[PDB]
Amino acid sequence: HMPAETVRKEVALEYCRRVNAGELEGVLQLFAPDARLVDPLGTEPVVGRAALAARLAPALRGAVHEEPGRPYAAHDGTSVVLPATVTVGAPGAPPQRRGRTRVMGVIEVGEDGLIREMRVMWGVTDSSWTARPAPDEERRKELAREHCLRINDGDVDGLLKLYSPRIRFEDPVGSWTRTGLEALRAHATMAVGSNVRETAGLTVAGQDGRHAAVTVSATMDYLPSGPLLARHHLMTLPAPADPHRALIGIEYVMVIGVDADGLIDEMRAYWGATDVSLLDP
């Protein structure tokens, strides 16, 4: 039996706390012995505690500081996503030569609560270490926001133009994969019919020429989603007295992957029961 959503959220924030405390050993104890770290996306994984120590020690020596945002869960018993800002320099650099990077970390926690995998999404356009251009990263972050805009405008035909016929999507992570534009059309049609509104917060790109992610605050009519969420352990609040007036709120992170033609061919949404609220009335 897998760690509760709130426990996985605790582990993600604890990682930041132990990094911040400068505790190399303490940090390492949070990871499984054979854990994998990918940072940034589009690099070889670091594998195992010896390798992780080699990777983290220089950052600890550079007084790395991590300022976490809000964590998001999933319905897979394992995943959690944490936006953060990370500041660091060479050992003993003044603030002048410390760079700051916006990231979103994806962690997969084991049954015992230890981190099995960590993938860190951030692009050059998310970091003060460089002003080099990366038009592709910007394009992908824009596409993530454009999804929300088209849903909000009720423009299902428009939304589908962003997507590949080969689109695989999963909502929430830990459900199942749906394939194809007609499935996306049905999902989007249900969203629009439920008065879904998707308000985007923060974006980051991955450095793999493929990924981007956006934080989203959504609302929608309590019916029909609420009773379905309740039945599948995704809404643990009491039912509203009048389901016809109530709204559901969901905080999530949407990760997208973009193909060789600039179309979105992968989409995942990270949220769980602890990310779901009820606006009643």
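We number the residues from 1 along the sequence you see.
For the two regions 93-101 and 163-171, the entry's Cα B-factors average higher over 93-101. The PDB entry reports B-factors from which the mean C-alpha value can be compared for 265-273 and 12-20; the larger average falls on 12-20.
Of the candidates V46, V216, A212, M220, the one whose C-alpha carries the top B factor in the deposited record is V46.
When the C-alpha B factors of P68, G249, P33, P40 are read from the deposited coordinates, the top value falls at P33. Sort the modelled residues of the chain by CA B factor and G180 lands in the lowest third. Looking at the C-alpha B-factors along this chain, the one for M254 belongs to the lowest third. Annotation for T199: C-alpha temperature factor in the lowest third relative to the rest of the modelled chain, per the entry. Placement of the Cα temperature factor of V88 within the chain: highest third of the modelled residues, per the deposited record. Sorting the modelled residues of the chain by their CA temperature factor places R132 in the highest third.
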